[PDB]
Amino acid sequence: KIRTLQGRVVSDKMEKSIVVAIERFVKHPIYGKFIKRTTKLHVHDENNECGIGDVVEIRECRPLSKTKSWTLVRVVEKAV
Amino acid sequence: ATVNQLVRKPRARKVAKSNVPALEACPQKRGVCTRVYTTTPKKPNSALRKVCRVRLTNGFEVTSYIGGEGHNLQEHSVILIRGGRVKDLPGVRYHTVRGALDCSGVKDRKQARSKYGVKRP
Amino acid sequence: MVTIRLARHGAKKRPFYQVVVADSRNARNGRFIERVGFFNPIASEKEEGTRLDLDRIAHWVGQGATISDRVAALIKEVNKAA
Amino acid sequence: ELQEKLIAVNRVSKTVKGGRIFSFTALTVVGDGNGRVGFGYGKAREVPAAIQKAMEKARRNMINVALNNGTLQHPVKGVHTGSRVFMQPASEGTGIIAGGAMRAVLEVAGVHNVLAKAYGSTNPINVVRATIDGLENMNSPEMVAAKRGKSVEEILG
Amino acid sequence: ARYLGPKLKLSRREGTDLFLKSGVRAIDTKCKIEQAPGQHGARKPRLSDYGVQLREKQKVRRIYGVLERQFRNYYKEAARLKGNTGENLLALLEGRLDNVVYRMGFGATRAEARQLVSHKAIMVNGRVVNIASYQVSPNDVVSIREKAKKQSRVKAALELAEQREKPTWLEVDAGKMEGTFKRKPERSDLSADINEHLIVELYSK
Amino acid sequence: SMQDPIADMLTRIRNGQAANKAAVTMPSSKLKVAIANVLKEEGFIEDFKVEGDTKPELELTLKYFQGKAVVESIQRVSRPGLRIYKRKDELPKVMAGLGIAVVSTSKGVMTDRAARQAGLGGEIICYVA
RNA sequence: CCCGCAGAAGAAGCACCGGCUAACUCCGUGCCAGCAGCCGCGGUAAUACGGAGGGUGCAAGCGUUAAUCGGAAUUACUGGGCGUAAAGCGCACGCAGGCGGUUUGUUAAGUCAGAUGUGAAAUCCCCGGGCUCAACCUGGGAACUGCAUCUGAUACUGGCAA
RNA sequence: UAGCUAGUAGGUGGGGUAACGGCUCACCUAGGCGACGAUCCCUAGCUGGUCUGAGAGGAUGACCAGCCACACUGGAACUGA
Ligand SMILES: [Mg+2]
Ligand SMILES: [Mg+2]
Ligand SMILES: [Mg+2]
Ligand SMILES: [Mg+2]
Ligand SMILES: [Mg+2]
Ligand SMILES: [Mg+2]
Ligand SMILES: [Mg+2]
Ligand SMILES: [Mg+2]
Ligand SMILES: [Mg+2]
Ligand SMILES: [Mg+2]
Ligand SMILES: [Mg+2]
Ligand SMILES: [Mg+2]
Ligand SMILES: [Mg+2]
Ligand SMILES: [Mg+2]
Ligand SMILES: [Mg+2]
Ligand SMILES: [Mg+2]
Ligand SMILES: [Mg+2]
Ligand SMILES: [Mg+2]
Ligand SMILES: [Mg+2]
Ligand SMILES: [Mg+2]
Ligand SMILES: [Mg+2]
Ligand SMILES: [Mg+2]
Ligand SMILES: [Mg+2]
Ligand SMILES: [Mg+2]
Ligand SMILES: [Mg+2]
Ligand SMILES: [Mg+2]
Ligand SMILES: [Mg+2]
Ligand SMILES: [Mg+2]
Ligand SMILES: [Mg+2]
Ligand SMILES: [Mg+2]
Ligand SMILES: [Mg+2]
Ligand SMILES: [Mg+2]
Ligand SMILES: [Mg+2]
Ligand SMILES: [Mg+2]
Ligand SMILES: [Mg+2]
Ligand SMILES: [Mg+2]
Ligand SMILES: [Mg+2]
Ligand SMILES: [Mg+2]
Ligand SMILES: [Mg+2]
Ligand SMILES: [Mg+2]
Ligand SMILES: [Mg+2]
Ligand SMILES: [Mg+2]
Ligand SMILES: [Mg+2]
Ligand SMILES: [Mg+2]
Ligand SMILES: [Mg+2]
Ligand SMILES: [Mg+2]
Ligand SMILES: [Mg+2]
Ligand SMILES: [Mg+2]
Ligand SMILES: [Mg+2]
Ligand SMILES: [Mg+2]
Ligand SMILES: [Mg+2]
Ligand SMILES: [Mg+2]
Ligand SMILES: [Mg+2]
Ligand SMILES: [Mg+2]
Ligand SMILES: [Mg+2]
Ligand SMILES: [Mg+2]
Ligand SMILES: [Mg+2]
Ligand SMILES: [Mg+2]
Ligand SMILES: [Mg+2]
Ligand SMILES: [Mg+2]
Ligand SMILES: [Mg+2]
Ligand SMILES: [Mg+2]
Ligand SMILES: [Mg+2]
Ligand SMILES: [Mg+2]
Ligand SMILES: [Mg+2]
Ligand SMILES: [Mg+2]
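- Identification of chain E as 30S ribosomal protein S4 from Escherichia coli is taken from the PDB entry.
- The heading Subunit in the UniProt record of chain E holds the text "Part of the 30S ribosomal subunit. Contacts protein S5. The interaction surface between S4 and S5 is involved in control of translational fidelity."
- UniProt's Sequence similarities comment on chain E is quoted here verbatim: "Belongs to the universal ribosomal protein uS4 family."

- As annotated in the PDB entry, chain C carries the name 30S ribosomal protein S16 and is attributed to Escherichia coli.
- Heading Sequence similarities of the UniProt record for chain C holds this comment: "Belongs to the bacterial ribosomal protein bS16 family."

Structure representation (structure tokens):
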């Protein structure tokens, strides 16, 4: 299948582009404790489809600006 | 302690300073020498200890101990310096290498002659 | 251009040649794709002297890789029916 | 079954109106070389009088140690005062790789090969009690089988 | 490379007979053995735990004629090899050519066996060998070459080997100076006096 | 405030053994019963119940062989401040394999000895010497 | 590399020696001259200083030096502490953050299990082999505790349920 | 060192590039980054490995091998795959 990544939106106030955080629950190399680490990506989308505070699926694709190589696939669970 | 505290601020290793700032991990270093003189040590000893201020090549100004009975150092005369505290003269933390350069060997030594820079009899 | 050639390993006056598939531009000892047997000129008549994996040679020479002066003769030395 | 030996001898002072009077303390550990150990302290005015006084206490103050062939059963701690003491079973090769005081007690006990390290303070008296605490503590598979009332093979295998 | 000093001085310090000054006569009684290491031989040594290890190490060194740097290398090899570390230390020492040449009887002393190896006399599997440290593998045939065979130093030295215990692991022809090293030596076969355990203690710390 | 319930269970056992106490009541749970069963099945605890409908109180009954207690020592490994998940080959063996390590694996809670043979790893809950 | 020449012939130091740490005495000197890695040695009977012998330890190297790790559980994840030894903020409230009682259902992020990829070759590690032997050299093996990728296991932890 | 950033962050019109794209214009939107440490400051080639350690680690990056960078200093483009 296509190698997508789930993630919650941080902001969408840029016209046809969305910044999305990807929470990843990796463990600490030394101390062994599980940390909640973040990965803020820039992502493309046609129109202002997705708002602030909602889960989104994202695909790796062609680099369509300075940053912002990732692109939207679909929305799952809209904003509250 | 507390595994979360350590994630937030890890264990800082104690960066222990070097005893001998001769710099760049150097075995020995040349010195032009100024003021050769006699100094008294700390409490239980009592003596007239032979010592000289060493103007090192890199820029430092230190005191080095003149180990052995008698010496040829005076006013100037270029000498070589090795690491090693005397543990009596407070301040002095280097040793002159006897034999090398203008610093000659000790006169009439037999036992232990690499220390104190003397050839075979 | 990929080429099958010796690598020259081992001590002074005691060479040992790792026949190897490498690029033309890269060095003798340096980069390669995969080593393919060896050669020892100071072996003499004993158990082992020279070994050369002929199956991997078909993958490279069949495609488009040259064989050097020394390695071409070791294919003659190992023979097809002798 | 003697296998007695001395760990440490240490002179100690009292202080009285006249001046100071010195005595000596011994520290001897004895064992049969087959699962009995016993430290004895003892103290006397003269040095050789102390070691006899120590050895006599050591013989009486003996502890049994259930050990496998010529080694320990399982890795074992044994704290006492300021000495931590850890020691591991180890295999049929090797020897007693442990510190002095901690290895006098081990060799006369009859353990032929173990790993061992004295953490904390390494006071010869307290490390010897630290080991013997750990060796007394050390339970065998026959003890553990009977304690739970299951089976010697079902636990082990 | 070698000791080349007073050799029977080494036996008095160590106490026991080291087979350094063994030679033609059987027993010496010619040094005040045991009670005269040096000027201060009557001084009873207190002798610590590090002492007894180092006295044991130097004894095994001075018997076999090996130096600390080479002797340490045997320990490193011994630790990596299978079995027991102590048994391998001495099994490697006994496999030396100058030691096997001594055990065959081609040399009254081990220094004579070392020199006889070094002097192009000793030959094994049809190949001449000069190295005293040569590790003699199982199933071999050490021998003397035809030029140096039946010279005056070897014939007198072979008659000494009849008084000796004679190892079970190796065999000697005696007529044509031809030896045969068969198996590796076992602990129980040789010595029964020099302790290995204490020499394993010295190098593990 | 009562963050780890499982560690609290293992203290009531350890402290109950120290007092030479016969029984040990506590608030029950799914995982409490799973662990307490694994302890019973090998033979540290001698029987247990889960008496109650609305507010269930799981009580254990601690074993004693001599004057000494049966549980020599017992400690939480995978506490909530630091979870410890071990792989099949990397599973521990407590006391060189004569004490057990309770380990929550994907086919229910079980001993480390059972987890090796079953062919899977998991969250190591406690060591029981 | 293989044979012939001669004749022990051309070929041994240098640390150390009060304890730690394998190894003793005589002189000279007298808190002076000097040793000192740590403790510490000398004030007229120095085992520590200088000399000598005597020893001990290494030896084609030996000491000193600088440099890293070790011992140091003396930054402690494995593996330390905080009443009096260094160390509980003067005491509260509290957002972010860390952690969270108990019971079913569902996802599988964590976790676990297998899957294929791949971790360049070298060294490092075993079974071998060629240097007269080793050192070196080299053939194969595992190792390369990797990181990704589909498939499941759902106890535990998280997500979402009521 | 706690705030930094105006081709700065996007979108399109044009433009270039072997090719994706503020790589470069013209406009349009006024954002983007940062306590999961931006910015600034000091130091530094990176890795396979090496060294030490029981191992975790700590140190390290001479020698062989891969990658990057640089060529009297600072620019610039040409010629060609
Ligand atoms: Mg994935
Ligand atoms: Mg993972
Ligand atoms: Mg770009
Ligand atoms: Mg002296
Ligand atoms: Mg040829
Ligand atoms: Mg030919
Ligand atoms: Mg060509
Ligand atoms: Mg008095
Ligand atoms: Mg301490
Ligand atoms: Mg040598
Ligand atoms: Mg002594
Ligand atoms: Mg052989
Ligand atoms: Mg002749
Ligand atoms: Mg070691
Ligand atoms: Mg697994
Ligand atoms: Mg002739
Ligand atoms: Mg001749
Ligand atoms: Mg001393
Ligand atoms: Mg003493
Ligand atoms: Mg001594
Ligand atoms: Mg006299
Ligand atoms: Mg000295
Ligand atoms: Mg006298
Ligand atoms: Mg005197
Ligand atoms: Mg001498
Ligand atoms: Mg040396
Ligand atoms: Mg140093
Ligand atoms: Mg350290
Ligand atoms: Mg440490
Ligand atoms: Mg800790
Ligand atoms: Mg502390
Ligand atoms: Mg105070
Ligand atoms: Mg305080
Ligand atoms: Mg308070
Ligand atoms: Mg108050
Ligand atoms: Mg919160
Ligand atoms: Mg819960
Ligand atoms: Mg459920
Ligand atoms: Mg359903
Ligand atoms: Mg499912
Ligand atoms: Mg695979
Ligand atoms: Mg494959
Ligand atoms: Mg592979
Ligand atoms: Mg190496
Ligand atoms: Mg090599
Ligand atoms: Mg080999
Ligand atoms: Mg040769
Ligand atoms: Mg290979
Ligand atoms: Mg290889
Ligand atoms: Mg291969
Ligand atoms: Mg295979
Ligand atoms: Mg293979
Ligand atoms: Mg590799
Ligand atoms: Mg599915
Ligand atoms: Mg279900
Ligand atoms: Mg939460
Ligand atoms: Mg939530
Ligand atoms: Mg505006
Ligand atoms: Mg190591
Ligand atoms: Mg360590
Ligand atoms: Mg290593
Ligand atoms: Mg270079
Ligand atoms: Mg590379
Ligand atoms: Mg240049
Ligand atoms: Mg140029
Ligand atoms: Mg230029």
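Anyway, onward from the coordinates.
**Some thoughts on empty space enclosed by the protein**
Here is step 1 of the chain: One pass over the full model with this rule turns up 2 cavities of 30 Å³ or more.
Here is step 2 of the chain: There is about 70 Å³ of room inside the largest cavity.
Here is step 3 of the chain: In terms of lining, the largest cavity is formed by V60(E), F71(E), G86(E), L89(E), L90(E), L93(E), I194(E), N195(E), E196(E) and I199(E).
Here is step 4 of the chain: With 4 residues, helix α4 (residues 85-94) of chain E is the single largest residue contributor to the lining of the largest cavity.
Here is step 5 of the chain: Looking at the lining of the largest cavity residue by residue, the class counts come to 7 nonpolar, 2 polar and 1 charged.
Here is step 6 of the chain: Space inside the second largest cavity adds up to approximately 40 Å³.
Here is step 7 of the chain: Lining the second largest cavity are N139(D), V144(D), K147(D), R148(D), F44(F), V70(F), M95(F), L98(F) and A129(F).
Here is step 8 of the chain: Looking at the lining of the second largest cavity residue by residue, the classes come out as 6 nonpolar, 1 polar and 2 charged.

**Some points on helix α1 (residues 7-14) of chain E**
Here is step 1 of the chain: The set of residues buried in α1(E) consists of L10(E), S11(E) and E14(E). Viewed end-on, α1(E) has its buried residues packed into an arc of 100°, placing them on one side of the element.

**Details of the protein's contact with RNA strand G**
Here is step 1 of the chain: Taken together, 107 residues lie around RNA strand G, and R113(B), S114(B), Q18(C), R62(E) and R69(E) are the ones closest in.
Here is step 2 of the chain: At the protein interface, 77% of the atoms of RNA strand G within 4 Å belong to sugar or phosphate.
Here is step 3 of the chain: Between RNA strand G and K33(A) there is a distance of 3.1 Å, counted from a sugar or linking oxygen to a side-chain nitrogen or oxygen.
Here is step 4 of the chain: Side-chain polar atom of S29(F) to a phosphate oxygen of RNA strand G: 3.0 Å apart, as the coordinates give it.
Here is step 5 of the chain: No other element matches the 7 residues that helix α2 (residues 49-64) of chain E contributes to the surface near RNA strand G.
Here is step 6 of the chain: Partitioned by chemical class, the residues of the surface near RNA strand G number 37 nonpolar, 27 polar and 43 charged.

Calculation notes
- Residues numbered from 1 in each chain as written, not as in the entry; some residues may be left out.
- Chains lettered and ligands numbered in written order.
- Part of a larger assembly, values for the part shown.
- Heavy atoms only, no water.
- UniProt positions renumbered as here; feature names shortened; annotations may be inferred.
- 1 Å grid on protein atoms, 1.4 Å probe; cavity = no way out; pocket = protein on both sides within 12 Å on 5 of 7 lines; lining within 4 Å.
- Points joined across faces, edges and corners; volume = space filled by probe spheres on them.
- Helix = DSSP H or I, 4+ residues; strand = E, 2+ residues; numbered from the N terminus.
- Nonpolar A, V, L, I, M, F, W, Y, C, P; charged D, E, K, R; others polar.
- Buried < 20%, exposed > 50% of the residue type's maximum accessible area, 1.4 Å probe, protein only.
- Arc of directions from axis to C-beta.
- Near = heavy atom within 4 Å.
- Polar contact = N/O pair within 3.5 Å; in protein donor to acceptor, adjacent residues only side chain to side chain.

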